[PDB]
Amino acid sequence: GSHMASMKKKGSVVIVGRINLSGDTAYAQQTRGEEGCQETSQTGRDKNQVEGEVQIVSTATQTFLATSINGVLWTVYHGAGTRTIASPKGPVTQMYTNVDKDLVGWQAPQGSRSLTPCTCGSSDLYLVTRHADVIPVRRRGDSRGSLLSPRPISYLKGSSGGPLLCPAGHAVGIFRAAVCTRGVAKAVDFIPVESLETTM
């Protein structure tokens, strides 16, 4: 538009829930409903208590995941773009942005817990989805892994930004894209944690 005074501003990414991995059962929790998300996105002011490693996040138009590793909440650029995240004291600007890796990060919210980067060198992985499904994945390259049991793309949609973990619960990567044949996801593409650390 040419009329700057009426140009709009994109809202913040908002934490709307979490994937609870603290006990013996993985489950999704919602911490904010759609209306209060809308308001928090416009203000950038989110006073809700944050817990855990894997957050469910939303914009006005998309919902996906974000994962804390090394004190940074990481997600995908195709979900967040360059947006700020809502925080108790107002919007917080990304500290990392890499469109070429489809990667962004913000300082991790107070109250969150961070995963430890994996140093196991192990290829038996586990993908955690936004529905708290734990999907075994065999690592097949630097940034690829195969689903032991393929699933339709629908099952994975909304889970970008979620973690791949090793058997010890370390972070191996951040889920970025599905490798799809006729709508069935046989494999996943992920940002390796080493790539996160180089970005840092």
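Each residue number is its position in the shown sequence, starting from 1.
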Mean temperature factor over C-alpha atoms, higher-scoring stretch between 98-106 and 112-120: 112-120
Between the two ranges 16-24 and 186-194, the one averaging a larger CA B factor in the entry: 16-24
Given 37, 166, 137, 57, the residue at which the Cα B factor reaches its maximum: 37
Criterion, highest CA B-factor; candidates, 144, 131, 151, 170: 151
Residue 71 by Cα B-factor - lowest, middle or highest third of the modelled chain: middle
B-factor third for the C-alpha atom of residue 63 within its chain: lowest
Residue 174 by Cα B-factor - lowest, middle or highest third of the modelled chain: middle
Third assignment of residue 87 from its chain's C-alpha B-factors: highest
